[PDB]
Amino acid sequence: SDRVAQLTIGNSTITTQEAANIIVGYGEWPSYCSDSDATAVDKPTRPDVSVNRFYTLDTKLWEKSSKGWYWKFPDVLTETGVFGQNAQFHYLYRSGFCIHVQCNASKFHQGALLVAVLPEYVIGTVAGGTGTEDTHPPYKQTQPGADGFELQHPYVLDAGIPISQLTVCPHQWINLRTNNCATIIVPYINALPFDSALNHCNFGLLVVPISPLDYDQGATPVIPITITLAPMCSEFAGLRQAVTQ
Amino acid sequence: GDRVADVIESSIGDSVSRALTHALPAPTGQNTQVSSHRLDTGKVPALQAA
């Protein structure tokens, strides 16, 4: 009754029989931009059901040696469905998100994934190892698209900060013996009412194994982790031709 | 005449077949209601037990 759940939005429905409740980031639901917070004067387009629905974008294989991965929002969706088209044709964009990370195993497997949302997730480099080289991460690493990107040094989240404190951000854990999914709802987070879906990633989604996957020889060894997400209250403005970047 | 309790409280002889269902008028196909997104735990329409 807290372990069972159904998420329906648009023409898509998700079910789970081993949930661990739902986290509503920073305690607030996504909402549209008010007339006093807004600044741009054109009437926005709010496509509703054609863009606020669940999109299943990627599947990673969890292995005994996996380090963890991250995806950037709204980057992961800029090239998918009607949402992507709207993000490309418009300068301004804003929306919340319902993130549903899936991973099931068996009552004989074990392991725990930390699933968290970190706003303004700026990536850093190892500065040439010695720290004397002022290198910078390449476009494919800051905005990895739907494939996401694997963490090089998970302990410092590839940004000089402790993953041990990542739980200060909206999160859930997928502890195989307990649940098979994580559900996090995130409201729009920015210091501006609207922004570019292309130039700015509002937050990053991190999926990192803290307690390594394990099982005995003979149990299914392929344990996928799938990422499904839905925009909520999407709004777009500043219409012109489509632009991919 | 009857007297022992089990005979008095007996249901032997009930001729009215209790029906669990009943017919309803249905001259047209059912309508569709507006519905919105539901993001709940506990409520799970999609899951069945055939």
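- As summarised from the PDB record, the model derives from X-ray crystallography at a stated resolution of 2.65 Å.

**Overview of the interface of chain A and chain B**
Argument step 1. Taken together, the 17 residues of chain A in the interface contact eleven residues of chain B.
Argument step 2. Buried surface at the junction of chain A and chain B, summed over both partners, amounts to about 1100 Å²; 65% is from carbon and sulfur atoms.
Argument step 3. The largest share of the area that chain A buries against chain B comes from A:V4, A:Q6 and A:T8, three residues that together contribute 44% of it.
Argument step 4. The interface formed by chain A and chain B contains zero salt bridges.
Argument step 5. Taken together, the links from chain A to chain B amount to four residue pairs in polar contact.
Argument step 6. At the level of secondary structure, the elements contributing two or more residues to the side of chain A that touches chain B comprise β1 (5-9) and β2 (12-16) of chain A.
Argument step 7. The element contributing the most residues to the side of chain A that touches chain B is β1(A), with five residues.
Argument step 8. For the side of chain A that touches chain B, the residue count by class is nine nonpolar, seven polar and one charged.

**Details of the pairing of strand β11 (residues 203-214) of chain A**
Residue and element names in this part refer to chain A.
Argument step 1. When strand β5 (residues 69-73) meets β11, the two strands line up antiparallel, connected through five bridges. When the sheet's bridge partners are listed, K72 is paired in β11 with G204.
Argument step 2. In this structure, strand β7 (residues 110-119) lies alongside β11, joined through nine bridges in antiparallel fashion. Its bridge partner being in β11, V115 is matched across the sheet by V207.

**Considering the sheet that holds strand β6 (residues 90-102) of chain A**
Residues and elements named next belong to chain A.
Argument step 1. The strand order β3-β10-β6-β12-β4 describes an open sheet built from five strands, whose pairing is mixed. Unpaired on one side and paired on the other, β3 (23-24) and β4 (55-62) mark the two borders of the sheet.
Argument step 2. Bridge count between β3 and strand β10 (residues 181-186): two bridges; the pairing is parallel. Bridge pairing in β10 links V24 to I185.

**Quick look at the sheet that holds β11(A)**
Argument step 1. The sheet built from five strands is open, its strands ordered β8-β5-β11-β7-β9 (chain A) with antiparallel pairing. Pairing within the sheet leaves two strands with one partner each, and these edge strands are β8 (149-150) and β9 (171-175) of chain A.

**Description of the side chain of A:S12**
Residues and elements named next belong to chain A.
Argument step 1. Inspection of the secondary structure puts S12 in strand β2.
Argument step 2. For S12, the side chain forms a polar contact with the main-chain oxygen of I9, separated by 2.8 Å.
Argument step 3. Within the structure, the side chain of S12 is placed 2.9 Å from the backbone nitrogen of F54, a separation counted as a polar contact.
Argument step 4. Excluding residues that lie within four positions of it along the chain, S12 makes contacts with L7, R53 and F54.

**Observations regarding the nonpolar core**
Residues and elements named next belong to chain A.
Argument step 1. Core analysis: the biggest nonpolar cluster contains 35 residues, and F73, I99, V101, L205, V207 and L229 have the highest contact counts within it.
Argument step 2. When contributions to this core are tallied by element, the ones reaching two or more residues are β4, β5, α1 (81-89), β6, β7, β10, β11 and β12 (223-239).
Argument step 3. Broken down by element, the residue count for this core peaks at five residues, all from β12.
Argument step 4. Here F73 is in contact with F97, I99, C201, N202, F203, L205 and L229, once residues within four sequence places are set aside.
Argument step 5. One finds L114, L151, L157 and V208 within the second-largest nonpolar core, a separate group that totals 13 residues.

Calculation notes
- Residues numbered from 1 in each chain as written, not as in the entry; some residues may be left out.
- Chains lettered and ligands numbered in written order.
- Part of a larger assembly, values for the part shown.
- Heavy atoms only, no water.
- Contact = heavy atoms within 4.5 Å.
- Buried area = accessible area lost by both parts, 1.4 Å probe.
- Salt bridge = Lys/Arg side-chain N within 4 Å of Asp/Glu carboxyl O.
- Polar contact = N/O pair within 3.5 Å; in protein donor to acceptor, adjacent residues only side chain to side chain.
- Helix = DSSP H or I, 4+ residues; strand = E, 2+ residues; numbered from the N terminus.
- Nonpolar A, V, L, I, M, F, W, Y, C, P; charged D, E, K, R; others polar.
- Pairing = 2+ DSSP bridges.
- Core = buried A, V, L, I, M, F, W, Y, C linked by side-chain atoms within 4.5 Å.
- Buried < 20%, exposed > 50% of the residue type's maximum accessible area, 1.4 Å probe, protein only.

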